[PDB]
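So the chains spell out like this:
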Amino acid sequence: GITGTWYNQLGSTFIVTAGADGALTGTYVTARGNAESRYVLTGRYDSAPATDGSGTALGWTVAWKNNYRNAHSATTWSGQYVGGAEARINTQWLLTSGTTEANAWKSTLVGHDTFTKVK
Amino acid sequence: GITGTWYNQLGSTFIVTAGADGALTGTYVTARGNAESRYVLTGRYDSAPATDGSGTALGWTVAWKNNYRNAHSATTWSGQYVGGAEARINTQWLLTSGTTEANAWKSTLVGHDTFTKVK
Amino acid sequence: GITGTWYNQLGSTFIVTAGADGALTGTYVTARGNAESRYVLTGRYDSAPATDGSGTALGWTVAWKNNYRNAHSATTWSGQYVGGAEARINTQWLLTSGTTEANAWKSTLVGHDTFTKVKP
Amino acid sequence: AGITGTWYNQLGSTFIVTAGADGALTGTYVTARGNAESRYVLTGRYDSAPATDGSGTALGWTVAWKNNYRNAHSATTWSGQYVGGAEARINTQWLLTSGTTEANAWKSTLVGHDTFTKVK
């Protein structure tokens, strides 16, 4: 149920393969949809989830460097897959920027994102 | 730099290798430190950080399932490596459990961990 | 604008008054809705926001103790009010429970709530 | 309780609070510069009947970053626990939300952690 293409509310797209061993690998593409807008992702999921209607736990990381650009920052998503007709990945994320020690206090943004199988 | 053996405040161990293409791979071992406590990690880091004194942004995920136990949860760590003598990795983390839709609102914990090369 | 009765997605009600000095005072009602589910809230908001089409920053706290129960915990919401056609207050929140030292690493939940003046 | 008094964080900030019998926290927060222009009102709540098993006392507070001398259009909320004793401490996480346009709300909220002690 996880492997495939997911869309968030703001225009982003994440293509992921969920391997049998717990691995997530894919590419995350930012709103521009550009080759310059593609980044690698890697994560982990619960490959033996409860079958009692509970969600499947997962997280992934994107570092925001590719061959064309580098924002010197890393986003991690933590969340759960929810299957069925209303299939959704519900997440919270933390975005950390590389800063100097004095600015370290304001290094990390926190948000949330919901992903769906259609836009 | 990043490649190595790090320890958090509480006794967990993070064995990581940082690769040229921006990959983090390794093993996370919880405080007990036996075989049943070893978990696979994956992540990313900025492989070309700023040269001005800023940290190196990075993130990883551990799904809390191995061959012996499955907690049906995943933590992601978002942070930065600060080099020099007294190298440290300062993070924030999100731990999400798989839950029913009714309990989702309390599926995620947040905290902070600091890692150093000394135990 | 902020003053009034607001509702989240999960059934709760935030009854708030925005004071001229930047105070928020009021009552937070969890989903059950009877008198054992009413708690005091206090908070602060930016009483002179920017005129560039930005939101209005605010936050508040509720400690989960009233005369009927005590959960030994407290939630704070940090957020912004966005006015407009369908006025809303977008927030993230942190819930901390009282714990021992050995358990303080799992003391804090994180989540987000969207409040509207229209009840779901 | 325990909580009433002056608390210092590592970055040079100071907060002076009074804990009321009914769960009120009121006071002032002073950022590192230390003068009038660096002083802000704080309001919050705490568990006035904590457990007696040695757990912490849950609490939280909010500061909106506006005084009579300046306005940053943001507010911070701290959620945490007081832990009493000889080395008393308030351990917190915080969220700092800034007022922004809709296009930038995704990037409105910083999260971090602060520990407050009674010695500077």
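Residues numbered from 1 in each chain as written, not as in the entry; some residues may be left out. Chains lettered and ligands numbered in written order. Heavy atoms only, no water.

A. Layout of the pairing of strand β3 (residues 23-29) of chain A. Residue and element names in this part refer to chain A. Here strand β2 (residues 13-18) pairs with β3 via six bridges, running antiparallel. Looking across to β3, one finds that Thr17 is bridged to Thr25. Between the antiparallel neighbours β2 and β3 lie four residues, among them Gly22 with a positive phi of about 100 degrees. Sheet topology note: the β3/strand β4 (residues 38-45) ladder contains seven bridges and is antiparallel. Along β4, the bridge assignment pairs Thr27 with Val40. (Pairing = 2+ DSSP bridges. Helix = DSSP H or I, 4+ residues; strand = E, 2+ residues; numbered from the N terminus.)

B. Highlighting the UniProt feature "binding site: biotin" in chain D. When the UniProt feature table is mapped to this numbering, "binding site: biotin" covers D:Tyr29, D:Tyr40, D:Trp78, D:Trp94 and D:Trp106. A maximum C-alpha distance of 27.7 Å shows the annotated residues, which cover 78 residues in sequence, to be distributed over more than one spot. As for the annotated residues named above, the ones lining the second largest pocket are D:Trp106. Inspection of the secondary structure puts D:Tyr40 in strand β4 (residues 39-46). What D:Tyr40 contacts, discounting residues up to four positions off in sequence, is D:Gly27, D:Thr28, D:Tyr29, D:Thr31, D:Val63, D:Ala64, D:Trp65, D:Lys66, D:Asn67 and D:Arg70. What makes D:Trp94 buried here is its relative accessible area of 5%. Contact partners of D:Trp94, with chain neighbours within four places excluded, come to A:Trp105, C:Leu94, D:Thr76, D:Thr77, D:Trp78, D:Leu110, D:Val111, D:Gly112, D:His113 and D:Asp114. (UniProt positions renumbered as here; feature names shortened; annotations may be inferred. 1 Å grid on protein atoms, 1.4 Å probe; cavity = no way out; pocket = protein on both sides within 12 Å on 5 of 7 lines; lining within 4 Å. Contact = heavy atoms within 4.5 Å. Buried < 20%, exposed > 50% of the residue type's maximum accessible area, 1.4 Å probe, protein only.)

C. Up close: the interface of chain C and chain D. Counting from both sides, the interface comprises 43 residues of chain C and, opposite them, 41 residues of chain D. Between chain C and chain D the total buried area reaches about 3,000 Å² when both faces are included, carbon and sulfur atoms providing 58% of it. Between C:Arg88 and D:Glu102 there is a salt bridge, with the nearest N and O atoms lying 2.7 Å from each other. Broken down by secondary-structure element, the contributors of at least two residues to the side of chain C that touches chain D are β4 (38-45), β5 (56-65), β6 (70-82) and β7 (88-97) of chain C. For the side of chain C that touches chain D, the element with the most residues is β6(C), which contributes nine residues. A breakdown of the residues in the side of chain C that touches chain D according to their chemical character gives 15 nonpolar, 23 polar and five charged. (Buried area = accessible area lost by both parts, 1.4 Å probe. Salt bridge = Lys/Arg side-chain N within 4 Å of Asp/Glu carboxyl O. Nonpolar A, V, L, I, M, F, W, Y, C, P; charged D, E, K, R; others polar.)

D. How the structure looks around the interface of chain A and chain B. Across the contact, 43 residues belong to chain A and 43 residues belong to chain B. Buried surface at the junction of chain A and chain B, summed over both partners, amounts to about 3,000 Å²; 58% is from carbon and sulfur atoms. The tally of links from chain A across to chain B stands at zero salt bridges. When residues of the side of chain A that touches chain B are traced back to their parent elements, those giving at least two are β4, β5 (56-65), β6 (70-82) and β7 (88-97) of chain A.

E. Spatial organisation of the relation of the copies chain A and chain B. Here chain A sits on chain B after a turn of 180 degrees about the axis and a move of 0.0 Å along it, with an RMSD of 0.3 Å. On this basis, the relationship between the two copies can be described by a two-fold rotation axis. An overlap of 100% is found between the interface residues of chain A and their copies at the interface of chain B, pointing to a shared contact surface. (Least-squares fit on C-alpha atoms.)

F. Region of interest: the pattern of salt bridges. Residues and elements named next belong to chain C. Applying the stated rule across the entire model yields three salt bridges over all chains. Notably, a salt bridge pairs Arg69 with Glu36, separated by 3.5 Å at the nearest N-O pair. Taken as a pair, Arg69 in the loop between β5 and β6 and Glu36 in the loop between β3 (23-29) and β4 lie far apart in primary sequence, 33 residues in all.

G. Quick peek at the environment of D:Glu37. Residue and element names in this part refer to chain D. Structurally, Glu37 can be placed in the loop between β3 (24-30) and β4. On the basis of relative accessible area, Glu37 is assigned to the partly exposed category, the value being 35%. Between the C-alpha atoms of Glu37 and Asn68, which are 31 residues apart in sequence, the distance is 7.8 Å.

H. Quick look at the packing of aromatic side chains. By the definition in use, this model includes 43 aromatic pairs over all chains. Aromatic side chains A:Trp105 and D:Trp94 sit 6.1 Å apart centroid to centroid with 45 degrees between the ring planes, which places their arrangement in the tilted category. With A:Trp105 in the loop between β7 and β8 (108-116) and D:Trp94 in strand β7 (residues 89-98), this residue pair bridges two chains. Aromatic ring contacts, followed pair by pair, group A:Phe14, A:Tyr28, A:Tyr39, A:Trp60, A:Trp64, A:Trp77 and A:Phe115 into a single cluster. (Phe/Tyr/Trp six-rings, centres within 6.5 Å; stacked < 30°, edge-to-face > 60°.)

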